[PDB]
Amino acid sequence: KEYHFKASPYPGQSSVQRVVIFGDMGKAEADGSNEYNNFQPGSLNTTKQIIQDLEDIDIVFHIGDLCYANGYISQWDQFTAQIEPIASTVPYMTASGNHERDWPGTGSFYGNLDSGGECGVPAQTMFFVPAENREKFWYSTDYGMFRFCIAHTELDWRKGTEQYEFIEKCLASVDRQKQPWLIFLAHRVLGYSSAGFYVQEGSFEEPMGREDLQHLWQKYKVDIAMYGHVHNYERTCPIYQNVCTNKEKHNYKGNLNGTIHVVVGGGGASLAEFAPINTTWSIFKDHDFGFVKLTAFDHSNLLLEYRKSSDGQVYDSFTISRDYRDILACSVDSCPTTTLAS
Amino acid sequence: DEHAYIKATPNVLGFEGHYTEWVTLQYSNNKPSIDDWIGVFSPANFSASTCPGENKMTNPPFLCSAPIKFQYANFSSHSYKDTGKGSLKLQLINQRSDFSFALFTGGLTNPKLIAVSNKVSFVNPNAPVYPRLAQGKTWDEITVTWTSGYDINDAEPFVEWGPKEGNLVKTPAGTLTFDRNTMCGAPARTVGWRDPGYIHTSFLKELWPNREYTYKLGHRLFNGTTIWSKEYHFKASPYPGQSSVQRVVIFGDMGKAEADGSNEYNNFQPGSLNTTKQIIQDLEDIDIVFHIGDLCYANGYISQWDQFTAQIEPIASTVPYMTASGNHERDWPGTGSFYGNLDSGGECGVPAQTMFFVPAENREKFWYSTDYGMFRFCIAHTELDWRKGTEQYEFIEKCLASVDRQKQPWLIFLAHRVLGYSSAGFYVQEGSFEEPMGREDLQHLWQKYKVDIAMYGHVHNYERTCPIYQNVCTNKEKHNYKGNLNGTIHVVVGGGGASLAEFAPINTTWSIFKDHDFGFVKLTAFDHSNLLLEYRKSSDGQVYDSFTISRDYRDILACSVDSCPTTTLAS
Amino acid sequence: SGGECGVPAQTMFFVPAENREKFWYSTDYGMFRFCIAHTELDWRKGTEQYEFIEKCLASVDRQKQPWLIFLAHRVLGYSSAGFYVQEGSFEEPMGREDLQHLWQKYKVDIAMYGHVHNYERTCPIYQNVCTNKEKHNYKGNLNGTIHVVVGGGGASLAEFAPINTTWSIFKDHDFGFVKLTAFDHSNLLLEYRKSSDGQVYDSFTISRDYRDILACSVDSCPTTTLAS
Amino acid sequence: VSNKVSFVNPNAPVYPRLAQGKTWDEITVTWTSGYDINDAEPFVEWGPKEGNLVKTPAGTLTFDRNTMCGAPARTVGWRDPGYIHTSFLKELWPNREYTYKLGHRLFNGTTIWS
Ligand SMILES: *[C@@H]1O[C@H](CO)[C@@H](O[C@@H]2O[C@H](CO)[C@@H](O)[C@H](O)[C@H]2NC(C)=O)[C@H](O[C@@H]2O[C@@H](C)[C@@H](O)[C@@H](O)[C@@H]2O)[C@H]1NC(C)=O
Ligand SMILES: *[C@@H]1O[C@H](CO)[C@@H](O[C@@H]2O[C@H](CO)[C@@H](O)[C@H](O)[C@H]2NC(C)=O)[C@H](O[C@@H]2O[C@@H](C)[C@@H](O)[C@@H](O)[C@@H]2O)[C@H]1NC(C)=O
Ligand SMILES: *[C@@H]1O[C@H](CO)[C@@H](O[C@@H]2O[C@H](CO)[C@@H](O)[C@H](O)[C@H]2NC(C)=O)[C@H](O)[C@H]1NC(C)=O
Ligand SMILES: *[C@@H]1O[C@H](CO)[C@@H](O[C@@H]2O[C@H](CO)[C@@H](O)[C@H](O)[C@H]2NC(C)=O)[C@H](O)[C@H]1NC(C)=O
Ligand SMILES: *[C@@H]1O[C@H](CO)[C@@H](O[C@@H]2O[C@H](CO)[C@@H](O)[C@H](O)[C@H]2NC(C)=O)[C@H](O)[C@H]1NC(C)=O
Ligand SMILES: *[C@@H]1O[C@H](CO)[C@@H](O[C@@H]2O[C@H](CO)[C@@H](O)[C@H](O)[C@H]2NC(C)=O)[C@H](O)[C@H]1NC(C)=O
Ligand SMILES: *[C@@H]1O[C@H](CO)[C@@H](O[C@@H]2O[C@H](CO)[C@@H](O)[C@H](O)[C@H]2NC(C)=O)[C@H](O)[C@H]1NC(C)=O
Ligand SMILES: *[C@@H]1O[C@H](CO)[C@@H](O)[C@H](O)[C@H]1NC(C)=O
Ligand SMILES: *[C@@H]1O[C@H](CO)[C@@H](O)[C@H](O)[C@H]1NC(C)=O
Ligand SMILES: *[C@@H]1O[C@H](CO)[C@@H](O)[C@H](O)[C@H]1NC(C)=O
Ligand SMILES: *[C@@H]1O[C@H](CO)[C@@H](O)[C@H](O)[C@H]1NC(C)=O
Ligand SMILES: [Fe+3]
Ligand SMILES: [Fe+3]
Ligand SMILES: [Mn+2]
Ligand SMILES: [Mn+2]
Ligand SMILES: [Mn+2]
């Protein structure tokens, strides 16, 4: 049958541009049947809310933990069918997570059994992303005023690695006058999360998540970094080195001096509990299913909305209102070299 | 008691698709003074409120709405001071919106508004205008960038193009713009602001080398009507490495000036029209132009960017017009520019990186490589750090390394500020014959990769060095260079138009020729073994300095000091 | 060297260099630390010598030894000597560009040169630009290194170029030498004396405390954490 | 010494050689002729086997005696190579069968074909 799409903007184009991001949606049988790995009770709701709002969604990023087939391969087809009403009309951009890739003794950085023996093969074949090497699954992509830099948290990301080199190149190549909104995406939490499972191992991130990469996020002024993996929603203050760099909760203005980190792993898979710690930097939490929409109105105004999958309504939000000169201004560990000469 | 008037004729300009028109103004003041003046305003609804200066780049007249241009009431009506009657003929370019004219008393420093004219406008203020060509990402792609008043919701922009008298096709354009709050400081963000319209770029791909093409700019309005420009034309560039006679013009610092003699902000480029004129006259024998920074000197009086695109249009609409970024494009304190000068007047690179296209990976960084047949050019951005360890230095090394010198023998390095050698008084007064740190890291690369000629703007004069490395001449010839020269020749060619710069009273060991005048360089590659440089004055287009290089591939491959690859002893 | 190739110099005299052929070394005198370079070997970033210089400048405890002095024969800093200016330079080619990173990062107070047979003193300076406008009585963080040509010890005098730069505070086309007097940890005096009479013809003082050495300057500002 | 002998057209396009191009769906055709760019415009006409054909341009390169670094190449062994042309056949369908011909459009208007 006939399908249709609207071509993306020219990079840097001034138009209203809408992006949906979440992780960990998975799948489920709309006929109520049971199936292997049937632990994504929010899956159909999230899919439903995106389809309902599709007229006002331009592109989707599903940031790892795609279908949770975990080796019951039949479910990849199931997932492509489930998302077809979305993915057949707007780009459906993927990242790789632990349930896509992890298997011990396969060169994955995490040795978990989480892929159920898939070792990335279905994910890197069923879906296309414009990675130089689809096995590595890191890539850059644009949507008008937005630049996205997608990491693969099941390969090493630390300084000295191939991946880190890629990330730095991606963050450095964007012209921020034309493309102000710089977004970093990854499956596992490389930034900040109050997930119970992290806190129990004495961390608010994957071990080694942020320490090397925050140099790049700060140097290149990443506006928002978003993660899946933790099955809930959490938003931080603009932050660097565990310290809030701006005290606003909603109306961000000018140079924020740090990146905002957002966990949006509530796409469908069984909810994850938060630790009983309310940190200095954790502005909002939601133990429920939901997703984020970013709306770039113009080159100076961005909106983030968190929407629940149960009703599609907005439960958290913020705006960034700032000009090119605020991106160019120095921040801590974000201040280019100078000459004294004239 | 002035009972003044001012009136403009005609009030509809640019019939038959014309985008320039002469207007006659006539005016009167019952109490005339020699310091009375007329301002041209676009939009026509201007504020004559005073907005006092706030930095050295906000200049008189201090009006909240900066005029487009201005002229004294007595300019051509020399009895004005006695009669209180005058007239002016002004040549207006179409740059969207409409125009008003205003008469003032009190001079540029203490103006008082005494009369405003009727409004005048082009028939189509939004018409597609001032295309400029630039080489694209590959040898067989050329880009067409133009300005209109049509946003993407008003009309779908495109270019219709193909081989001369052959089949034509439509190709899309990307549309970009910028707004007042994109400007980093005053005057650009304040008194100098003017809406730039919409800047469209089309990519004309799969070119046949050397083939003649035609193109037209179009906008398909959503009511179904298409608005078209006149036809333009160009000849596609050679295949890289092609043997044919290839001619390249290079200069910096040309700026802009008013052909009708009018004053305007930053009106300190008295050679500008002469350089533009000489290039236009010789255009049949010019294949590509490089304007290496200090483009129009708008410096935040934004209206002048359209002026500049119009000024160069007879050149840039037919040959690629490749730009580099200089201090007057980019410098602004606290903006990540390596130089913290106020020289951009708050633009912080935005107009330069939007009005013009270059095939840079990151248009904000403004460094890039491009080819023209036997030439390879590597263009640096001297308003960002260039030293070893920087992103820019890594780029430069990659550019110099990627060229196959058998096929493309002529390797040219271009930069705005002087990274090489200059005897400019201003450098020598700070104890230098370069920008501080200009050459020390980069000469490693120039020498290792045998850059033939390195050229700079920024200093408003011409100067040529011997082939040189580490401040020492490596070849003693003045004009007829043969074989392996063992060093790079450096040339200051910043005499394109901006007010001349004096030389220091030192004649160095390495300075072969100096000209304190306006002019430009033409490089002619006759074949793979023979290159000519000519320096021409802008006043007459004649040659006042020149040299030739005659050498073969084996000369490029031969070792020089700090340019000798590793070997094995094995066989 | 007339064929000596360093042999007499490196045998007739002892210095506490690890390798006497290389002739670069560090030495102390109370509140002073001296780092002595060898300008007849490469000094640029990446060289063995540059690595030594950085190690020397880094190892000094500036509370205890506030006065950090860099010494070299050829002019690696700034000189208005006619012979330099005729080759389009106010230094040896490549003299300062890599090393000023180190002078500035480690807050070298005074850098001194021979080779040019005259005396000349600059403002506190970095990247060809004066960082402090005082001519004699320096207080606090000067934000740059003071450079001094003191090659007027005896050899035939060298003429200055007919340029007076922005940074050249004092020049003497005559024979003479410098004496540095450290009175205490906060007060240093430089005197230029002519050899003909032993009298003082130029001088300055630096009065500053440890906290001034520790304060950030341009290209001299250590990393921080936001954490507490 | 004998009488002279010649091919009817010594300048004819000859000896094409294919090489993979810069992407998986590009192939290059390189050939030799005696027609410089001022003598004729070179091209390749190509398309799917028994399908529609299109013309694509060629870049033209050569070298001369003084390009050679030493003897015999620069001396007794030198022989003029004519002109070497390369076309880029893009947007290929994988596994599909194609045909091509080498062409030179003389500026008198006649085209010489392989
Ligand atoms: C951490 O964050 C929350 C701050 O709003 C606390 O949860 C909320 O606490 C309110 C007043 O204590 C209460 O009205 C809300 O219903 C409750 N839960 C929400 C918003 O989901 C949380 O407090 C703990 O969580 C529950 C069990 C509370 O009832 C308290 O007993 C707990 O202290 C804060 N946690 C800590 C450790 O401070
Ligand atoms: C589409 O919008 C155009 C812009 O308004 C129309 O052109 C305008 O037409 C007016 C007379 O109808 C004329 O006064 C305007 O100056 C002119 N503007 C320009 C830039 O051309 C256009 O109308 C068509 O073209 C005009 C000139 C006449 O020929 C009409 O008969 C045409 O309708 C609009 N086209 C349509 C189909 O409505
Ligand atoms: C999926 O979304 C549905 C529809 O909103 C949720 O169902 C509603 O949930 C609340 C609380 O249980 C009730 O007030 C409504 O009566 C429910 N059913 C309706 C309106 O049909 C449902 O809980 C969501 N599923 C998950 C797993 O979150
Ligand atoms: C025409 O107007 C100009 C500009 O106001 C007059 O030029 C000024 O002349 C006075 C007296 O000679 C000088 O003090 C000023 O410096 C000039 N100003 C400028 C900006 O040039 C000029 O005298 C007038 N000429 C006539 C015939 O009216
Ligand atoms: C622009 O070029 C014109 C034309 O050559 C220059 O005007 C001439 O200047 C020369 C001096 O070299 C005079 O001898 C002629 O009388 C002038 N005019 C003409 C029409 O020939 C003018 O000087 C140049 N402008 C600048 C600023 O250099
Ligand atoms: C070495 O110093 C002596 C002693 O000061 C210098 O001889 C004197 O020169 C001055 C000029 O400054 C004369 O006025 C005196 O008459 C000289 N002699 C004495 C004994 O006082 C001598 O010029 C210096 N040598 C050099 C090369 O500078
Ligand atoms: C264009 O030039 C070619 C080459 O000269 C012409 O073809 C030749 O025609 C002559 C007869 O006049 C034959 O003897 C040659 O053998 C032909 N050579 C080749 C290579 O085909 C051709 O006829 C000319 N075309 C026109 C329109 O004048
Ligand atoms: C530089 O050389 C030129 C040409 O010989 C001459 O006119 C000028 O006077 C010289 N300047 C000096 C300082 O020697
Ligand atoms: C240039 O350089 C080398 C030194 O490496 C020298 O021996 C050679 O003869 C020189 N050649 C020319 C043409 O000056
Ligand atoms: C340099 O300054 C000194 C002292 O003012 C003076 O005697 C000398 O003439 C100056 N030289 C020049 C070229 O100005
Ligand atoms: C020196 O340097 C800093 C710039 O880092 C400046 O802000 C400070 O006030 C200066 N201090 C002095 C004493 O000049
Ligand atoms: Fe998950
Ligand atoms: Fe200039
Ligand atoms: Mn996961
Ligand atoms: Mn300049
Ligand atoms: Mn010496």
# chains A, B, ... in the order shown; residues from 1 in each chain; ligands from 1
>>> interface_residues(of="chain B", to="chain A", cutoff="6 Å", atoms="only C-alpha atoms", output="PyMOL selection string")
chain B and resi 174+176+182+184+334-336+338-339+362+364
>>> closest_atom_pairs(of="chain D", to="ligand 7", cutoff="10 Å", atoms="only C-alpha atoms and all ligand atoms", output="CSV")
residue,atom,partner,partner_atom_place_in_ligand_line,distance
D:8,CA,ligand 7,16 (O),6.3
D:9,CA,ligand 7,20 (C),5.1
D:10,CA,ligand 7,20 (C),8.2
D:11,CA,ligand 7,20 (C),7.6
D:12,CA,ligand 7,20 (C),7.3
D:39,CA,ligand 7,2 (O),9.9
D:105,CA,ligand 7,1 (C),9.3
D:106,CA,ligand 7,1 (C),6.5
D:107,CA,ligand 7,1 (C),7.7
D:108,CA,ligand 7,1 (C),5.0
D:109,CA,ligand 7,27 (C),5.6
D:110,CA,ligand 7,25 (N),5.0
D:111,CA,ligand 7,1 (C),8.2
D:112,CA,ligand 7,21 (O),6.8
D:113,CA,ligand 7,21 (O),9.5
>>> closest_atom_pairs(of="chain D", to="chain B", cutoff="9 Å", atoms="only C-alpha atoms", output="CSV")
residue,atom,partner,partner_atom,distance
D:37,CA,B:244,CA,8.8
D:56,CA,B:208,CA,7.7
D:57,CA,B:208,CA,5.2
D:58,CA,B:208,CA,7.5
D:59,CA,B:239,CA,5.3
D:60,CA,B:242,CA,6.2
D:61,CA,B:242,CA,5.7
D:62,CA,B:243,CA,7.8
D:63,CA,B:407,CA,8.5
D:66,CA,B:552,CA,6.3
D:67,CA,B:553,CA,5.5
D:68,CA,B:554,CA,7.4
D:69,CA,B:554,CA,5.3
D:70,CA,B:554,CA,8.7
>>> write_last_selection(atoms="N, CA, C and O atoms", output="PDB file, in the first residue's frame")
ATOM      1  N   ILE D  37      40.578  17.894 -23.756  1.00  0.00           N
ATOM      2  CA  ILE D  37      39.305  18.506 -23.470  1.00  0.00           C
ATOM      3  C   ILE D  37      38.941  19.605 -24.425  1.00  0.00           C
ATOM      4  O   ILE D  37      37.756  19.882 -24.589  1.00  0.00           O
ATOM      5  N   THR D  56      27.101  10.712 -18.711  1.00  0.00           N
ATOM      6  CA  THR D  56      27.709  11.239 -17.489  1.00  0.00           C
ATOM      7  C   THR D  56      29.098  11.785 -17.868  1.00  0.00           C
ATOM      8  O   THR D  56      29.754  11.242 -18.755  1.00  0.00           O
ATOM      9  N   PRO D  57      29.572  12.843 -17.177  1.00  0.00           N
ATOM     10  CA  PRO D  57      30.829  13.461 -17.588  1.00  0.00           C
ATOM     11  C   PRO D  57      32.034  12.606 -17.213  1.00  0.00           C
ATOM     12  O   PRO D  57      31.897  11.591 -16.541  1.00  0.00           O
ATOM     13  N   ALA D  58      33.205  13.031 -17.667  1.00  0.00           N
ATOM     14  CA  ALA D  58      34.439  12.392 -17.253  1.00  0.00           C
ATOM     15  C   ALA D  58      35.423  13.504 -16.863  1.00  0.00           C
ATOM     16  O   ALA D  58      35.423  14.604 -17.464  1.00  0.00           O
ATOM     17  N   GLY D  59      36.254  13.225 -15.874  1.00  0.00           N
ATOM     18  CA  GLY D  59      37.409  14.074 -15.596  1.00  0.00           C
ATOM     19  C   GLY D  59      38.553  13.625 -16.467  1.00  0.00           C
ATOM     20  O   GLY D  59      38.705  12.418 -16.712  1.00  0.00           O
ATOM     21  N   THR D  60      39.374  14.558 -16.906  1.00  0.00           N
ATOM     22  CA  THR D  60      40.449  14.256 -17.829  1.00  0.00           C
ATOM     23  C   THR D  60      41.781  14.639 -17.256  1.00  0.00           C
ATOM     24  O   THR D  60      41.966  15.785 -16.866  1.00  0.00           O
ATOM     25  N   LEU D  61      42.680  13.661 -17.171  1.00  0.00           N
ATOM     26  CA  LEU D  61      44.021  13.871 -16.606  1.00  0.00           C
ATOM     27  C   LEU D  61      45.073  13.340 -17.567  1.00  0.00           C
ATOM     28  O   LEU D  61      44.807  12.439 -18.359  1.00  0.00           O
ATOM     29  N   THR D  62      46.287  13.872 -17.442  1.00  0.00           N
ATOM     30  CA  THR D  62      47.390  13.356 -18.217  1.00  0.00           C
ATOM     31  C   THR D  62      48.699  13.627 -17.464  1.00  0.00           C
ATOM     32  O   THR D  62      48.695  14.005 -16.287  1.00  0.00           O
ATOM     33  N   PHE D  63      49.816  13.335 -18.108  1.00  0.00           N
ATOM     34  CA  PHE D  63      51.106  13.685 -17.516  1.00  0.00           C
ATOM     35  C   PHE D  63      52.070  13.886 -18.655  1.00  0.00           C
ATOM     36  O   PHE D  63      51.857  13.395 -19.767  1.00  0.00           O
ATOM     37  N   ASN D  66      58.219  15.915 -18.277  1.00  0.00           N
ATOM     38  CA  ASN D  66      58.896  16.472 -17.116  1.00  0.00           C
ATOM     39  C   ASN D  66      58.194  16.148 -15.789  1.00  0.00           C
ATOM     40  O   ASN D  66      58.688  16.509 -14.743  1.00  0.00           O
ATOM     41  N   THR D  67      57.039  15.472 -15.839  1.00  0.00           N
ATOM     42  CA  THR D  67      56.425  14.900 -14.646  1.00  0.00           C
ATOM     43  C   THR D  67      57.247  13.694 -14.170  1.00  0.00           C
ATOM     44  O   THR D  67      57.208  13.318 -13.006  1.00  0.00           O
ATOM     45  N   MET D  68      57.964  13.040 -15.071  1.00  0.00           N
ATOM     46  CA  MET D  68      58.747  11.848 -14.712  1.00  0.00           C
ATOM     47  C   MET D  68      59.965  12.310 -13.919  1.00  0.00           C
ATOM     48  O   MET D  68      60.552  13.358 -14.219  1.00  0.00           O
ATOM     49  N   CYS D  69      60.329  11.563 -12.881  1.00  0.00           N
ATOM     50  CA  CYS D  69      61.395  12.008 -12.001  1.00  0.00           C
ATOM     51  C   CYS D  69      62.762  11.657 -12.518  1.00  0.00           C
ATOM     52  O   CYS D  69      63.737  12.323 -12.171  1.00  0.00           O
ATOM     53  N   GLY D  70      62.888  10.603 -13.333  1.00  0.00           N
ATOM     54  CA  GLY D  70      64.211  10.224 -13.806  1.00  0.00           C
ATOM     55  C   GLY D  70      64.177   9.335 -15.028  1.00  0.00           C
ATOM     56  O   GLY D  70      63.113   9.026 -15.552  1.00  0.00           O
TER      57      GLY D  70
END
>>> residues_near_ligand(ligand="ligand 8", cutoff="10 Å", atoms="only C-alpha atoms and all ligand atoms", output="PDB file with N, CA and C atoms, in the first residue's frame")
ATOM      1  N   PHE B 503      53.648  51.243   6.470  1.00  0.00           N
ATOM      2  CA  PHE B 503      54.732  50.357   6.807  1.00  0.00           C
ATOM      3  C   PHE B 503      55.602  50.961   7.899  1.00  0.00           C
ATOM      4  N   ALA B 504      56.181  50.088   8.714  1.00  0.00           N
ATOM      5  CA  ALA B 504      57.236  50.515   9.634  1.00  0.00           C
ATOM      6  C   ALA B 504      58.459  50.933   8.851  1.00  0.00           C
ATOM      7  N   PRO B 505      59.291  51.806   9.449  1.00  0.00           N
ATOM      8  CA  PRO B 505      60.495  52.285   8.777  1.00  0.00           C
ATOM      9  C   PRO B 505      61.666  51.308   8.930  1.00  0.00           C
ATOM     10  N   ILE B 506      61.429  50.049   8.578  1.00  0.00           N
ATOM     11  CA  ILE B 506      62.396  48.962   8.601  1.00  0.00           C
ATOM     12  C   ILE B 506      62.244  48.248   7.256  1.00  0.00           C
ATOM     13  N   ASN B 507      63.358  47.998   6.607  1.00  0.00           N
ATOM     14  CA  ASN B 507      63.391  47.146   5.435  1.00  0.00           C
ATOM     15  C   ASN B 507      64.097  45.832   5.821  1.00  0.00           C
ATOM     16  N   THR B 508      63.293  44.801   6.028  1.00  0.00           N
ATOM     17  CA  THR B 508      63.847  43.523   6.449  1.00  0.00           C
ATOM     18  C   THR B 508      64.594  42.803   5.367  1.00  0.00           C
ATOM     19  N   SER B 511      61.804  41.177   2.845  1.00  0.00           N
ATOM     20  CA  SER B 511      60.754  41.922   2.195  1.00  0.00           C
ATOM     21  C   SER B 511      61.222  42.393   0.825  1.00  0.00           C
ATOM     22  N   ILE B 512      60.672  41.752  -0.198  1.00  0.00           N
ATOM     23  CA  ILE B 512      61.125  41.997  -1.567  1.00  0.00           C
ATOM     24  C   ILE B 512      60.426  43.194  -2.187  1.00  0.00           C
ATOM     25  N   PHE B 513      59.144  43.354  -1.944  1.00  0.00           N
ATOM     26  CA  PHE B 513      58.359  44.394  -2.594  1.00  0.00           C
ATOM     27  C   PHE B 513      57.272  44.850  -1.649  1.00  0.00           C
ATOM     28  N   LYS B 514      57.026  46.160  -1.625  1.00  0.00           N
ATOM     29  CA  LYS B 514      55.969  46.761  -0.837  1.00  0.00           C
ATOM     30  C   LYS B 514      55.206  47.773  -1.695  1.00  0.00           C
TER      31      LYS B 514
ATOM     32  N   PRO C 162      65.623  51.408  15.250  1.00  0.00           N
ATOM     33  CA  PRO C 162      64.978  52.705  15.433  1.00  0.00           C
ATOM     34  C   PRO C 162      63.459  52.575  15.584  1.00  0.00           C
TER      35      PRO C 162
END
>>> residues_near_ligand(ligand="ligand 5", cutoff="12 Å", atoms="only C-alpha atoms and all ligand atoms", output="VMD selection string")
chain B and resid 254 257 259 268 to 278 461 495 to 500 516 to 519 537 to 542
>>> residues_around(residues="residue 144 (chain C)", least_positions_apart="6", cutoff="6 Å", atoms="only C-alpha atoms", output="ChimeraX atom specification")
/C:124-126,131
>>> residues_near_ligand(ligand="ligand 3", cutoff="6 Å", atoms="only C-alpha atoms and all ligand atoms", output="list in words")
residues 41, 42, 45, 310 and 311 of chain A
>>> interface_residues(of="chain C", to="chain A", cutoff="10 Å", atoms="only C-alpha atoms", output="CSV table (one decimal) with C-alpha atoms, in the first residue's frame")
chain,number,residue,atom,x,y,z
C,125,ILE,CA,54.2,41.1,29.5
C,126,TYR,CA,52.5,38.2,27.8
C,127,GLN,CA,51.8,37.6,24.0
C,128,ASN,CA,53.4,40.9,23.1
C,129,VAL,CA,51.0,42.9,25.4
C,130,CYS,CA,51.8,44.7,28.6
C,131,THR,CA,49.8,43.3,31.5
C,218,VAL,CA,45.5,35.0,32.1
C,219,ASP,CA,46.7,31.6,31.1
C,223,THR,CA,41.4,23.7,37.5
C,224,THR,CA,38.6,23.7,40.0
C,225,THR,CA,35.7,21.5,41.1
C,226,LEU,CA,32.3,22.9,41.9
C,227,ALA,CA,32.0,20.5,44.8
C,228,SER,CA,32.6,21.4,48.4
>>> residues_near_ligand(ligand="ligand 15", cutoff="7 Å", atoms="only C-alpha atoms and all ligand atoms", output="list in words")
residues 253, 293, 294, 326, 327, 328, 416, 417, 457, 458 and 459 of chain B
>>> residues_near_ligand(ligand="ligand 1", cutoff="7 Å", atoms="only C-alpha atoms and all ligand atoms", output="list in words")
residues 276, 277 and 278 of chain A
>>> residues_near_ligand(ligand="ligand 12", cutoff="9 Å", atoms="only C-alpha atoms and all ligand atoms", output="mmCIF file with C-alpha atoms, in the first residue's frame")
data_model
loop_
_atom_site.group_PDB
_atom_site.id
_atom_site.type_symbol
_atom_site.label_atom_id
_atom_site.label_comp_id
_atom_site.auth_asym_id
_atom_site.auth_seq_id
_atom_site.Cartn_x
_atom_site.Cartn_y
_atom_site.Cartn_z
ATOM 1 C CA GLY A 23 13.303 4.549 26.331
ATOM 2 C CA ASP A 24 12.269 1.067 27.215
ATOM 3 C CA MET A 25 8.801 0.863 25.569
ATOM 4 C CA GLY A 26 8.881 -2.844 24.619
ATOM 5 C CA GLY A 64 17.348 1.669 23.726
ATOM 6 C CA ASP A 65 15.492 -1.350 25.113
ATOM 7 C CA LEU A 66 13.379 -1.601 22.048
ATOM 8 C CA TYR A 68 12.643 -6.974 24.888
ATOM 9 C CA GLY A 97 20.587 -0.713 25.035
ATOM 10 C CA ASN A 98 21.410 -3.645 27.176
ATOM 11 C CA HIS A 99 18.458 -5.784 26.010
ATOM 12 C CA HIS A 187 20.430 4.212 26.951
ATOM 13 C CA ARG A 188 22.085 3.553 30.334
ATOM 14 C CA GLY A 228 16.467 5.394 29.283
ATOM 15 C CA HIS A 229 17.141 2.182 31.210
ATOM 16 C CA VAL A 230 15.703 3.320 34.519
ATOM 17 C CA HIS A 231 11.951 2.744 34.159
ATOM 18 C CA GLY A 265 13.006 5.289 30.635
ATOM 19 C CA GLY A 266 9.272 5.061 31.485
ATOM 20 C CA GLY A 267 8.211 4.010 27.988
ATOM 21 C CA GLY A 268 6.574 0.731 28.982
ATOM 22 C CA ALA A 269 8.773 -1.750 30.831
ATOM 23 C CA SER A 270 7.993 -2.519 34.520
#
>>> atom_distance(atom1="CA of residue 415 (chain B)", atom2="CA of residue 325 (chain B)")
8.2 Å
>>> residues_near_ligand(ligand="ligand 6", cutoff="10 Å", atoms="only C-alpha atoms and all ligand atoms", output="number ranges by chain")
C: 154-157, 174-176, 194-198
>>> select_by_dssp(residues="region 194-413 of chain B", states="helix (DSSP H, G or I)", output="number ranges by chain")
B: 272-281, 283-285, 303-316, 327-330, 350-355, 391-401
>>> residues_around(residues="residue 90 (chain D)", least_positions_apart="6", cutoff="8 Å", atoms="only C-alpha atoms", output="ChimeraX atom specification")
/D:25-27
